[PDB]
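Novice: My structure is stored as input28.cif, with mmCIF, C-alpha atoms.
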data_data
loop_
_atom_site.group_PDB
_atom_site.id
_atom_site.type_symbol
_atom_site.label_atom_id
_atom_site.label_comp_id
_atom_site.auth_asym_id
_atom_site.auth_seq_id
_atom_site.Cartn_x
_atom_site.Cartn_y
_atom_site.Cartn_z
ATOM 1 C CA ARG A 1 118.139 13.147 128.292
ATOM 2 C CA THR A 2 120.990 13.446 125.880
ATOM 3 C CA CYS A 3 120.951 16.598 123.850
ATOM 4 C CA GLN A 4 123.388 17.256 121.072
ATOM 5 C CA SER A 5 124.136 20.789 120.064
ATOM 6 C CA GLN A 6 126.644 21.500 117.306
ATOM 7 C CA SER A 7 129.960 22.979 118.105
ATOM 8 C CA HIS A 8 129.696 26.425 116.560
ATOM 9 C CA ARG A 9 133.317 27.478 117.080
ATOM 10 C CA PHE A 10 134.483 24.126 115.727
ATOM 11 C CA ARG A 11 136.576 24.053 112.587
ATOM 12 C CA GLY A 12 137.046 21.361 110.010
ATOM 13 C CA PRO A 13 135.164 18.068 110.049
ATOM 14 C CA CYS A 14 134.600 15.951 113.172
ATOM 15 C CA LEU A 15 137.005 13.286 111.736
ATOM 16 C CA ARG A 16 139.614 14.137 114.282
ATOM 17 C CA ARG A 17 137.532 13.415 117.345
ATOM 18 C CA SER A 18 140.227 14.944 119.541
ATOM 19 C CA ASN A 19 139.370 18.367 118.109
ATOM 20 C CA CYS A 20 135.695 17.608 118.601
ATOM 21 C CA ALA A 21 136.214 16.560 122.240
ATOM 22 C CA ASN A 22 138.566 19.479 122.953
ATOM 23 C CA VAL A 23 136.083 22.088 121.715
ATOM 24 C CA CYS A 24 133.188 20.422 123.473
ATOM 25 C CA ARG A 25 134.984 19.985 126.788
ATOM 26 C CA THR A 26 136.327 23.549 126.718
ATOM 27 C CA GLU A 27 132.831 24.892 126.005
ATOM 28 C CA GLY A 28 131.665 22.985 129.102
ATOM 29 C CA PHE A 29 130.221 19.824 127.632
ATOM 30 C CA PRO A 30 130.790 16.124 128.549
ATOM 31 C CA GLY A 31 131.776 14.992 125.080
ATOM 32 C CA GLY A 32 131.611 15.697 121.419
ATOM 33 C CA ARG A 33 130.325 13.286 118.825
ATOM 34 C CA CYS A 34 129.476 13.352 115.133
ATOM 35 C CA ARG A 35 125.861 14.162 114.237
ATOM 36 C CA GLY A 36 125.909 16.635 111.324
ATOM 37 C CA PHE A 37 125.613 15.859 107.616
ATOM 38 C CA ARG A 38 128.603 18.068 106.935
ATOM 39 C CA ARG A 39 130.549 16.129 109.566
ATOM 40 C CA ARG A 40 129.969 18.640 112.327
ATOM 41 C CA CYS A 41 130.979 18.044 115.905
ATOM 42 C CA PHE A 42 128.032 17.921 118.245
ATOM 43 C CA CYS A 43 128.524 18.395 121.874
ATOM 44 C CA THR A 44 126.443 15.942 123.753
ATOM 45 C CA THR A 45 125.093 17.624 126.811
ATOM 46 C CA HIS A 46 122.790 16.200 129.331
ATOM 47 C CA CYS A 47 119.380 17.671 129.621
#
Produce structure tokens that represent the structure in this file.
Specialist:
Amino acid sequence: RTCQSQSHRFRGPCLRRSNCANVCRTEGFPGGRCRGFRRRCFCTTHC
């Protein structure tokens, strides 16, 4: 299953997906996508 958990240590909006991906991959996740109302990066992990 795909589980998306927000990037807590993320800063700014998820507009720059590079920053989203960087945070998510460094935190040990496959990828980061947008899923929050406030344009929050969500790391998509596999459950």
Novice: Residue 42 (chain A): which residues within 7 Å, counting all atoms listed in the file, same-chain residues fewer than 5 positions away excluded, as a list in words?
Specialist: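 Selected residues are residues 4, 5, 6, 7, 32, 33, 34 and 35 of chain A.
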Novice: State, in Å with one decimal place, the distance from CA of residue 9 (chain A) to CA of residue 47 (chain A).
Specialist: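 One can read the CA of residue 9 (chain A) to CA of residue 47 (chain A) distance as 21.2 Å.
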Novice: What does the PyMOL selection byres ((chain A and resi 24) around 12) select in this file, as a PDB file with C-alpha atoms, in the coordinates of the input?
Specialist:
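The result, stored in expr11.pdb:
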ATOM      1  CA  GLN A   4     123.388  17.256 121.072  1.00  0.00           C
ATOM      2  CA  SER A   5     124.136  20.789 120.064  1.00  0.00           C
ATOM      3  CA  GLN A   6     126.644  21.500 117.306  1.00  0.00           C
ATOM      4  CA  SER A   7     129.960  22.979 118.105  1.00  0.00           C
ATOM      5  CA  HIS A   8     129.696  26.425 116.560  1.00  0.00           C
ATOM      6  CA  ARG A   9     133.317  27.478 117.080  1.00  0.00           C
ATOM      7  CA  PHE A  10     134.483  24.126 115.727  1.00  0.00           C
ATOM      8  CA  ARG A  11     136.576  24.053 112.587  1.00  0.00           C
ATOM      9  CA  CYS A  14     134.600  15.951 113.172  1.00  0.00           C
ATOM     10  CA  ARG A  17     137.532  13.415 117.345  1.00  0.00           C
ATOM     11  CA  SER A  18     140.227  14.944 119.541  1.00  0.00           C
ATOM     12  CA  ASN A  19     139.370  18.367 118.109  1.00  0.00           C
ATOM     13  CA  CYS A  20     135.695  17.608 118.601  1.00  0.00           C
ATOM     14  CA  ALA A  21     136.214  16.560 122.240  1.00  0.00           C
ATOM     15  CA  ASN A  22     138.566  19.479 122.953  1.00  0.00           C
ATOM     16  CA  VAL A  23     136.083  22.088 121.715  1.00  0.00           C
ATOM     17  CA  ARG A  25     134.984  19.985 126.788  1.00  0.00           C
ATOM     18  CA  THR A  26     136.327  23.549 126.718  1.00  0.00           C
ATOM     19  CA  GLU A  27     132.831  24.892 126.005  1.00  0.00           C
ATOM     20  CA  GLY A  28     131.665  22.985 129.102  1.00  0.00           C
ATOM     21  CA  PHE A  29     130.221  19.824 127.632  1.00  0.00           C
ATOM     22  CA  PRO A  30     130.790  16.124 128.549  1.00  0.00           C
ATOM     23  CA  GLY A  31     131.776  14.992 125.080  1.00  0.00           C
ATOM     24  CA  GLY A  32     131.611  15.697 121.419  1.00  0.00           C
ATOM     25  CA  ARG A  33     130.325  13.286 118.825  1.00  0.00           C
ATOM     26  CA  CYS A  34     129.476  13.352 115.133  1.00  0.00           C
ATOM     27  CA  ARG A  40     129.969  18.640 112.327  1.00  0.00           C
ATOM     28  CA  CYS A  41     130.979  18.044 115.905  1.00  0.00           C
ATOM     29  CA  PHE A  42     128.032  17.921 118.245  1.00  0.00           C
ATOM     30  CA  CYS A  43     128.524  18.395 121.874  1.00  0.00           C
ATOM     31  CA  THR A  44     126.443  15.942 123.753  1.00  0.00           C
ATOM     32  CA  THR A  45     125.093  17.624 126.811  1.00  0.00           C
TER      33      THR A  45
END
